[PDB]
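>>> partial complex here, more coming in a sec:
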Amino acid sequence: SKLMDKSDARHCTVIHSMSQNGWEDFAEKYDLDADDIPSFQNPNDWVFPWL
Amino acid sequence: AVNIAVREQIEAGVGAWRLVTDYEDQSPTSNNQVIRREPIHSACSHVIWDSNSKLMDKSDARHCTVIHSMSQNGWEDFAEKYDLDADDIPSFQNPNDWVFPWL
Amino acid sequence: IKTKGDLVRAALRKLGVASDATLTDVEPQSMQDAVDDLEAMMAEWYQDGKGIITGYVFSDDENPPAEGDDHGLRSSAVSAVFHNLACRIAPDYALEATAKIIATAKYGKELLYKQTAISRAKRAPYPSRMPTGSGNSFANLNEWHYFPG
């Protein structure tokens, strides 16, 4: 894509980071199997020592 | 496109556009066709004007070469759009360098 | 010159004691005492590697130092060693080393420590709170601040 509004882009990927209860909520909303825990490329790092 | 050309003119000193025709079945401008002005990034290295042109608007130029840098999926999209063989990977002069250690 | 006995004999020759330029002959216990003094002076100079390094080899604890052991010094270090040995053992024979001998010993010690001082003149690395400026492309590797020293 060579446009600021990204209208030339033919595809886009959005990464969702959600807690466990959020995972069951998402699975119920989209009719997914909550047992199979998903995984993807991790958008955020752990440079800060978060608990 | 106009804003990109302005920014490049402020910074690099040269900018460019490109007007292409396309077919629009729903809400066309006229004759089932539309005209759009898509931008050209790095017009200094991606637009190669004729060397005999002595005008700022380059209207004296009798030929012009535009170099396209596109990813793989962009290459199959280009081949499908222009009815090309996507298997044969094209090659041309590299408009850009690798001075910065891009991954 | 080539062994610790030579360093002692040359040092005595410089002082004018036990040299063949005055028909004077040597006593073996003078050799023993001067070799012991040389060993002590070299050890004090070395300080187990924290001081001047001259390549001198020290006799092991089991075997006391002898006249015939090679000193191991570099060819450019013998002069300073025996001049300083003569300066140190001058009070042994109720004598004071001449001004020339003292000056030569000082010059030799300066030249011995010159190279070590050049080698040890190493700057410390950047501090631990120094940022690596944006001009360094290794900043993209999350290396925004310098490693600690």
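Received, thanks. Numbering: from 1, shown residues only, chains lettered A, B, ... in the order given.

>>> write out the residues of chain A neighbouring chain C.
Within chain A, the positions adjacent to chain C are A:45, A:47 by CB under 8 Å from any CB of the partner chain. For the C-beta atoms, the positions are set from N, CA and C on the backbone; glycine is no exception.

>>> cutoff 7 Å now
Neighbours of chain C within chain A, by CB under 7 Å from any CB of the partner chain: residue A:47.

>>> and for the residue in chain A positioned nearest to chain C, nearest residue in space, chain neighbours not counted?
Sorted by distance to chain C under CB to the nearest CB, the residues of chain A start with residue A:47, at 6.6 Å. With CB to CB, 6 or more residues apart in numbering or on different chains as the measure, residue C:142 is the residue that lies nearest to residue A:47, at 6.6 Å, once sequence neighbours are left out.

>>> can you report how many residues lie near that neighbour?
When counting by other CB atoms under 10 Å in any protein chain shown, one arrives at 9 neighbours for residue C:142.

>>> name the SS class of the residue positioned nearest the centre of chain A, please.
Centroid check for chain A by CA atoms, centre = their mean gives residue A:16 as the closest residue, at 1.9 Å. Three-state secondary structure (criterion: DSSP: H, G, I helix; E, B strand; the rest coil) places residue A:16 in coil.

>>> ok, it to residue A:24 distance?
Distance check for residue A:16 against residue A:24: by CB to CB, to the nearest Å, it reads 14 Å.

>>> and for residue C:75?
For residue C:75 relative to residue A:24 (CB to CB), the value is 83 Å.

>>> for chain C, which residues are neighbours of chain A?
Applying CB under 7 Å from any CB, one finds that chain C approaches chain A through residue C:142.

>>> need the residues of chain C near chain B, please.
Listed as neighbours of chain B in chain C under the rule CB under 7 Å from any CB: residue C:137.

>>> which residue does chain C have closest to chain A?
residue C:142 (6.6 Å).

>>> list the contacts of residue C:81.
By CB atoms under 7 Å, 6 or more residues apart in numbering or on different chains, residue C:81 lies in contact with C:7, C:73.

>>> so residue C:6, which of the three states?
Look at residue C:6: counting by three-state DSSP, its state is helix.

>>> okay, now it: neighbour count?
Burial measure for residue C:6: 16 neighbouring residues, criterion other CB under 10 Å.

>>> same check on residue C:97?
Residues within reach of residue C:97, counting by other CB under 10 Å, total 21.

>>> now residue C:86
Neighbour count of residue C:86, defined by other CB under 10 Å: 27.

>>> and chain D on top of that:
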Amino acid sequence: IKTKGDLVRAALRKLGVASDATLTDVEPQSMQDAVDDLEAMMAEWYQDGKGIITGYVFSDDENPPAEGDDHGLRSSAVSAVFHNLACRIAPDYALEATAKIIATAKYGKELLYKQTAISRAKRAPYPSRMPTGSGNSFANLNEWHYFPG
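Let me put chain D in with the others:
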């Protein structure tokens, strides 16, 4: 003059010892000791090439230095070498070199190191972060910044 024996004999002639201007004769072991002292002094001066360079050739480890070995010094270096040799060996014969001999030795050493100091007075190249100006046409070759030292 032409060999290490000559440098030793000249040194002693300057000191007033073993010269025919006073009918005094030479002792071979005095020659050997003075040659050894000259070898040590030249090695200390050379400092394995990190000090004053005079063209002096050093005898190999296998063969000890000899009286007849050529020194290899330049024609302008002999005077300083034998004056310094006389200054160094003056305490050997219970003598102190005169003020003239000491001054001549200092002047000769200064003269010897003059050319080496001029040759080694070489400025360092530009800093690694010093930018090459736009006036240099080699900037178009992507050499916007100077090469590191």
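
>>> please reconsider the neighbour count of residue C:142 now that chain D is part of the model.
One way to gauge burial is a neighbour count; for residue C:142, by other CB under 10 Å, it gives 9.

>>> ok, now residue C:9?
Other residues near residue C:9 number 22, with proximity taken as other CB under 10 Å.

>>> in which helix or strand would I find it?
Residue C:9 is located in helix C:4-15, with elements delineated by DSSP states H and E.

>>> show residues contacting that helix.
Helix C:4-15 is touched from outside by C:1, C:18-19, C:31, C:34-35, C:38, C:65, C:67-69, C:71, C:78, C:81-83, C:85-86, C:89-90, C:95, C:97, C:101, D:33, D:91-92, with contacts defined as CB under 7 Å, 6+ apart.

>>> report the distance from it to the chain centre.
Using CA atoms, centre = their mean, to the nearest Å, the distance from the centre of helix C:4-15 to the centre of the chain it belongs to is 16 Å.

>>> nearest residue to the middle of chain C?
With distances taken as CA atoms, centre = their mean, chain C has residue C:54 as the residue nearest its mean C-alpha position (4.4 Å).

>>> the closest residue to that one other than its chain neighbours - how many residues pack around it?
Spatial nearest neighbour of residue C:54, chain neighbours left out: residue C:77 (5.0 Å); criterion: CB to CB, 6+ apart. Other residues lying near residue C:77 total 24 when counted by other CB under 10 Å.

>>> contacts only, for residue C:77.
Residues near residue C:77 by CB under 7 Å, 6+ apart: C:54-55, C:112.

>>> from those residues, which is closest to chain D?
Distance ranking of these against chain D, using CB to the nearest CB, places residue C:112 first at 9.1 Å.

>>> quick check: bridge partners of residue C:131?
In this structure, residue C:131 bridges to residue C:145 when assessed by DSSP bridges.

>>> so it versus chain B, what's the distance?
20 Å (CB to the nearest CB, to the nearest Å).

>>> ditto for residue C:130
When distance is defined by CB to the nearest CB, residue C:130 is 22 Å away from chain B.

>>> of the contacts of helix C:4-15, buried ones?
With burial judged by 16 or more other CB atoms under 10 Å in any protein chain shown, the buried subset of the contacts of helix C:4-15 is C:1, C:18-19, C:31, C:34-35, C:38, C:65, C:71, C:78, C:81-83, C:85-86, C:89-90, C:97, C:101, D:33, D:91-92.

>>> quick one: secondary structure of the residue nearest to residue C:41 when sequence neighbours are not counted?
Leaving out its chain neighbours, the residue that sits closest to residue C:41 by CB to CB, 6+ apart is residue C:88, at 5.7 Å. With three-state DSSP as the basis, the three-state label of residue C:88 is helix.

>>> extra chain here, label it chain E:
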Amino acid sequence: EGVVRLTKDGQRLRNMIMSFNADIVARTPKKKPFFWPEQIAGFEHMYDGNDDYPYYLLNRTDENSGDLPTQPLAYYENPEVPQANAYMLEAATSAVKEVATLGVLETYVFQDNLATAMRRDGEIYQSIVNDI
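The block that follows adds chain E to the chains above:
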């Protein structure tokens, strides 16, 4: 040429001077007194930096000599950022400021060039319209 081409040398010199002075600030040793080891022998804990003592005791006598000479104390001189660096930083900043002008609206010649580009675009668009 645009507007950022002629300020490159001044900006590069400014960056280099600022980097050099930052290096001077960081790697220069701080100001601490010069002490002989025997001047403070047994008094090392007094000069640590704590604020528990009202004195700074020094040894007075030496065994194999008279009293300690106790020459006036010397401190390592503070980092300076030599005024050559500061003056050339100021000069480079002034240079970039003077050259960084499109002429003084200031963007008028760059505006007229854009106007000519718009005129060429209009001509091309008219041709395309007449053709399709």
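
>>> please look at the neighbour count of residue C:97 again, because chain E has been put in.
Counted with other CB under 10 Å, the burial measure for residue C:97 works out to 22 neighbours.

>>> which residues touch the next helix or strand after the helix holding residue C:9?
For helix C:4-15, the succeeding helix or strand toward the C-terminus, using DSSP H and E, is helix C:28-46. For helix C:28-46, the external contacting residues (CB under 7 Å, 6+ apart) are C:4-5, C:7-8, C:11, C:18, C:51-54, C:56, C:58-59, C:65, C:67, C:84-85, C:88-89.

>>> gap between the residue nearest to the centre of chain A and residue A:32?
Remark: distance between residue A:16 and residue A:32 (CB to CB) = 12 Å.

>>> equivalent analysis for residue E:128, please.
50 Å.

>>> ok, now residue C:91?
Following CB to CB, the distance that separates residue C:91 from residue A:32 is 97 Å.

>>> what of residue E:16?
When distances are taken as CB to CB, residue E:16 and residue A:32 turn out to be 57 Å apart.

>>> now do residue E:30
When CB to CB is the yardstick, residue E:30 and residue A:32 sit 62 Å from each other.

>>> more crowded one of those two?
residue A:32 (13 against 8).

>>> for the more buried one, give me its contacts.
Taking CB under 7 Å, 6+ apart as the definition of contact, the neighbours of residue A:32 are residue A:26.

>>> what about 6 Å?
For residue A:32, the contact set (CB atoms under 6 Å, 6 or more residues apart in numbering or on different chains) is empty.

>>> what about it, distance to residue A:25?
Distance, residue A:32 to residue A:25, using CB to CB: 11 Å.

>>> what's the answer for residue E:88, then?
For residue E:88, the distance to residue A:25 (CB to CB) stands at 62 Å.

>>> I'd guessed residue E:67 sits against residue E:39; true?
No - under the criterion of CB atoms under 6 Å, residue E:67 makes no contact with residue E:39, lying 11.5 Å away.

>>> neighbour-wise, which of the two wins?
Higher neighbour count among residue E:67 and residue E:39: residue E:39, with 19 against 9, using other CB under 10 Å.

>>> can you confirm the more buried one is in a strand?
No - following the definition three-state DSSP, residue E:39 is coil and is not counted among the residues of a strand.

>>> wouldn't it be in contact with residue E:60 here?
No - in this structure, residue E:39 is not within contact of residue E:60 by CB under 6 Å, at 9.6 Å.

>>> got a list of what residue E:16 touches?
Under the criterion of CB under 6 Å, 6+ apart, the neighbours of residue E:16 are residue D:129.

>>> pull the CA atoms of the one helix or strand it maps to into PDB?
Taking DSSP H and E as the criterion, residue E:16 maps to helix E:8-27. Output in PDB follows, covering the C-alpha atoms of helix E:8-27 (Å, rounded to 0.1, in the frame of the first residue of the first chain):
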ATOM      1  CA  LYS E   8      23.400  19.300   5.900                       C
ATOM      2  CA  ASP E   9      26.900  20.500   6.800                       C
ATOM      3  CA  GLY E  10      25.800  22.800   9.600                       C
ATOM      4  CA  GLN E  11      23.500  20.100  11.000                       C
ATOM      5  CA  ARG E  12      26.200  17.400  10.800                       C
ATOM      6  CA  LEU E  13      28.700  19.700  12.600                       C
ATOM      7  CA  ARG E  14      26.100  20.600  15.200                       C
ATOM      8  CA  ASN E  15      25.500  16.900  15.900                       C
ATOM      9  CA  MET E  16      29.200  16.000  16.000                       C
ATOM     10  CA  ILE E  17      29.900  18.900  18.400                       C
ATOM     11  CA  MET E  18      27.000  17.900  20.700                       C
ATOM     12  CA  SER E  19      28.200  14.300  20.700                       C
ATOM     13  CA  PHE E  20      31.700  15.300  21.500                       C
ATOM     14  CA  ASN E  21      30.600  17.500  24.400                       C
ATOM     15  CA  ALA E  22      28.300  14.700  25.700                       C
ATOM     16  CA  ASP E  23      31.400  12.400  25.600                       C
ATOM     17  CA  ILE E  24      33.300  15.000  27.500                       C
ATOM     18  CA  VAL E  25      30.600  15.200  30.100                       C
ATOM     19  CA  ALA E  26      30.300  11.500  30.500                       C
ATOM     20  CA  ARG E  27      33.900  10.100  30.300                       C
END
